[PDB]
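Don't worry about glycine lacking a Cβ; one is built from the backbone with ideal geometry, like all the others, and counts go over all protein chains shown. Any read-out appearing in this document is the output of simple, stated calculations on the displayed coordinates, not a laboratory observation.
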Ligand SMILES: [Ca+2]
Ligand SMILES: [Ca+2]
Ligand SMILES: [Ca+2]
């Protein structure tokens, strides 16, 4: 029953056969100290060529072997404040950081590793390796793990790798298409036969129940478009596009930085609590931003970019939310809504209601279905500002 | 997916109420040493008047008693090489041969009994009777059995029979209509709702699955028309029309004999292996038969009668098949296809596809049904050449 | 300059994007003593489920493990008369026969293994295994090999396989699409500038050279359609459809058998020497087959099926050829010719001639290109009669 801004702002394109294909270019250079990954929503995997940045694997350029080694790592997720390794415990895993920041405290907090960093190199070769620093995850993120035993097995598999390891001991174009499959929001509406036979003259309680069902389906559509793992702007956004606040509250400097990272930003999406926090920051700074009109409707904006409320963005127990800056379009590579119309029996252009059966208890069943998905044409189309403290007040 | 010659050659007539009636005349004369039977597909029963050929029942002409005695016999089937009775074992059954040939070897192979023969007469009267010959079934067939105890019970039932038996101890017209009931080929097609909602623009996978279902139904129709027991040309063919090969391979003399037994033969039906064997025999004899055109299609023929391949004719493990010679028509008494059109919801003139229900798992069910049967107006419309050796090669 | 029957008889269909897709159903049942394979032209691979017919692998039904084991076998080809294994040599390989016949002579010729047979079971488990029979390949064919070491490695990889092996020691539907890529026949025509400037009034020697080039390209097209390994009727034909002659000369019984295996055969393709041998056999048998008219052209035929000469079918040094029986069509699943028209610069509907450059020596270069391929919709569309002795004369 709430306002659905993402549904009415994202353009909808018609897929054929319930599938879509997006061609991805992944530019990456070796030697720069950062490992680049391939991300498919929430599932991530290291680029096989990038894997060569590791010294113990430098100058090895057999595509088969690198691909196998890349395939044998395991993805793990860590929450804020969770301890991953502890000082004193023997080291047996190589950790490649894909997202988040992790502060390492030695026996003296050395520094904080971030996206593209590695720790655990020496643990791979010798069995005497011991963790001398404690890594505490300051921010939630992902991390790839390469076990010593698996790499040893791969070494015992390829003779070329043995010889290269024994000898050492003494812009790249990568095309890989991404396939999007239409997800379904489905439900069963059970209407008693009496309610369909009698209550049908001045208003249809069947039609009113169907409208309520459609509204619930649309709310689920928005919640999935925001929070789903395979597709979904919160999770299926490039790791480089996700920024951290300088101080924690959503100061206007953070909004300027969020607008810096991409061209032609269309709008901001944030929780209403987050919008209140941004307004508090604006009042503290003493500036009054203008409001712009979209569709004959006035809306708060920053630098002319409208800020739209979305209640489906989660609020963490620590009262920290996130802000999304995103451009929409097909001619300009942005975010599109994949949706198939022309269904066999449409109550609405995107909907399909079909009579299922009548039970022995005289209850008619209807199947209400809609098919939807989201596509991001280029990586630099959605930026996310994370860990935004929304419970800060002037003191 | 194979060619269906029987479906496209048999004329189809429309039955009313799903039933058909065929009037049968069964001419039979007494005293000629052969017992005539009434055959309804695979179920056979002795004519009550013919039962009088037995000496111990000669001159008894009470219709009630003869009908009762005829009703109290049991039909049994025997395969090739199976031993039915053994020398030394006491005789307690009267056996009337309805089909097949059985060679009797005494203590010296006496002869071979055939259709209409009887053995076990004396076993009926006295209890001292003992089998002095071993009957080995050279060919598969049927056989009626009259037990001594049942006949004794019938004797103890009718006073007239007692007096006639005590005294002895010191062209007929029979009309009996045959009723044909339409059989059904039915199936359930389960199509997922997603496959019906999305995959429907450039080609319908629902329609393609329906076409595959229809093809499977047609294949089952042919297999039943050939091999079914109630109706079906292989089994519902007159015992006099079934011939045995003189040598075992399908020599052209056998085809001439098969064409001799009936007037206006329409075509031959045989397995493709059988057609290859016939071609081998033709090449061995040195004659090259002509080919005739039906429906603008050239086809091998013998004496101008086309020979059509049918893969539904079974091949026995001994590599022996059968050939069918049959005439089709309604104005000329032959073989007709009973089929009812004008169904409530027809995808095809003979078909009926109806939506059944949608399951809780969002699977749509369709019921695909067709109604069919076969009728043989006169006994001399289908002839069968049996035990045709199809694995014979020149040496 | 010769007659090109295959070019003018095969229907040509237009592919989109230079690629075609054929959906294959591979029905196979386990326990019947024959292993079924998947064939892609000349490359063959064992079905993973069929691999379970081996006792030492019976009841193991892990799809991953079976797929891995199937992937780790090696395909080998053997010619007629070549010895593969010898008596006395230690056994270290499991051999699965995919095509051809191999006679095994023990210390006494035991028998002849054929397609779907296996020999070398016990060699897999123990290292004491020794070949006690000599296998001589009577006919050319293929053979899959499974080494003992590879299977042992797979066992050491999967814990489930170890447990199943330790315990033992104490119709299936498989869909897999086939992709056809258009092959190219290309050439460069070098015409001197003087020949293009002067010899152009009454006849164009440039155009005459182009016609000769086109004829050579068409001859190469036919030779590839017949003899190519990836596609090509001689090699890309089902192993079950390939038959062996009963005696060696192409007797009419062999032609009858070749017509038996498939429905609606369109024509025969054979070398003119093979056609002469068939005519000699016909004269010896004393039968004179009729001739039929296609396209207003009379042609020899057998059972009404025209026999077309093709000089591109190889003749072996032993003077043995092969005969092809094949049906053509798209509505009836047969053999189609994949070809793309509408090229950017067409001299002919299927051709493309493009000016390349003019050399410093004043020689104009032209690029003449054509794109073609062959598709076989169903396995039972091409049958091959092999090892046909064509040098047999009456004596
Ligand atoms: Ca790099
Ligand atoms: Ca009689
Ligand atoms: Ca099998």
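Axis between B and A by rotation; chain B residue with nearest Cβ and distance in whole Å recorded as B:357, 2.
Any chance you could tell me what percent of the C-alpha pair distances in segment C:1-54 go past 15 Å? Percentage above 15 Å: 69. Across segment A:229-302, Cα pairs under 8 Å and at least six residues apart give a relative contact order of 22 percent.
Look at A:122, B:95 and count the other Cβ atoms within 10 Å of each Cβ; fewest to most, that gives A:122, B:95.
Rg/Rh for segment B:213-276 stands at 1.03; both radii use Cα atoms, and Rh follows the Kirkwood definition.
Prolate is the label for segment A:93-212, because the ratio a/c of its alpha-carbon gyration tensor axes (a ≥ b ≥ c) is 1.5 or higher and a/b is greater than b/c. Would you mind computing the Rg to Rh ratio of segment C:162-220 from its alpha-carbon coordinates, Kirkwood style for Rh? Taking Rh as the inverse mean 1/r over Cα pairs, Rg/Rh reads 1.69.
For segment B:276-349, the Kirkwood estimate of the hydrodynamic radius, built from every pair of different alpha carbons, is 16.0 Å. Beta bridges from DSSP with both residues in the protein assembly as shown: antiparallel share about 90 percent, rounded to the nearest 5. Across identical copies of the chain, residue C:103 has label-point separations of 3.6, 8.6 nm, listed in ascending order, with the point defined 7 angstrom from Cα along Cα→Cβ. Put in order of Cβ neighbour count within 10 Å, fewest first, the listed residues A:127, C:222 become A:127, C:222. Sorted from shortest to longest, the distances between the residue B:169 label points of this copy and the other copies are 8.0, 11.0 nm, with each point 7 Å from Cα along the line through the beta carbon. Counting neighbouring Cβ atoms within 10 Å and putting the fewest first, the residues A:354, B:303, C:24 line up as B:303, C:24, A:354. Per-residue ellipticity at 222 nm computed for chain C from its helices equals -6500 deg cm²/dmol, with DSSP H segments shorter than 4 residues left out and the rest contributing -39,500 (n - 2.57).
When both segment C:133-178 and segment B:1-34 are represented by their alpha-carbon centers, they are found 55 Å apart. One chain, two ends: residue C:193 and residue C:362. Fully extended at 0.36 nm per residue, the span grows by 60.3 nm beyond their Cα-Cα distance. Can you give the percent of C-alpha pairs in segment A:62-120 whose distance is more than 14 Å? Cα-Cα pairs in segment A:62-120 separated by more than 14 Å: 66 percent.
Its Cα gyration tensor gives the protein assembly as shown an equivalent ellipsoid; the semi-axes, largest first and in whole Å, are 73, 45, 35. By the gyration tensor of its Cα atoms, with a ≥ b ≥ c the square roots of the eigenvalues, what is the shape of segment C:4-104: rounded for a/c under 1.5, prolate for a/b over b/c, or oblate? Since a/c reaches 1.5 but b/c is at least a/b, the shape of segment C:4-104 is classed as oblate.
In a fully extended conformation the segment linking residue B:155 and residue B:114 would gain 11.9 nm over its present Cα-Cα distance, using 0.36 nm per residue.
Working from label points 7 Å from Cα in the Cα-to-Cβ sense, the residue B:25 to residue B:74 distance is 3.8 nm. Per the Cα gyration tensor, segment B:245-395 maps to an equivalent ellipsoid with semi-axes of 38, 20, 14 Å, ordered largest to smallest. Taking all Cα pairs closer than 8 Å and separated by 6 or more residues, the relative contact order of segment C:286-393 comes to 25 percent. By its C-alpha gyration tensor, with a ≥ b ≥ c as the square roots of the eigenvalues, how is segment B:335-391 shaped: rounded for a/c under 1.5, else prolate for a/b larger than b/c, else oblate? Verdict is oblate for segment B:335-391. Size descriptor for segment B:231-323, Kirkwood hydrodynamic radius: 14.2 Å (Cα pairs only, one decimal). According to the Cα-based calculation, Rg over Rh for segment B:144-288 is 1.22, with Rh computed by the Kirkwood formula.
Looking at chain C, the DSSP beta bridges with both ends there are about 90 percent antiparallel. Quotient of the Cα radius of gyration of chain A and 2.2 N^0.38 Å, N being its number of residues: 1.20.
Sorted from nearest, the other copies put their residue C:290 label points 0.7, 9.3 nm away, the label point being 7 Å from Cα in the direction of Cβ.
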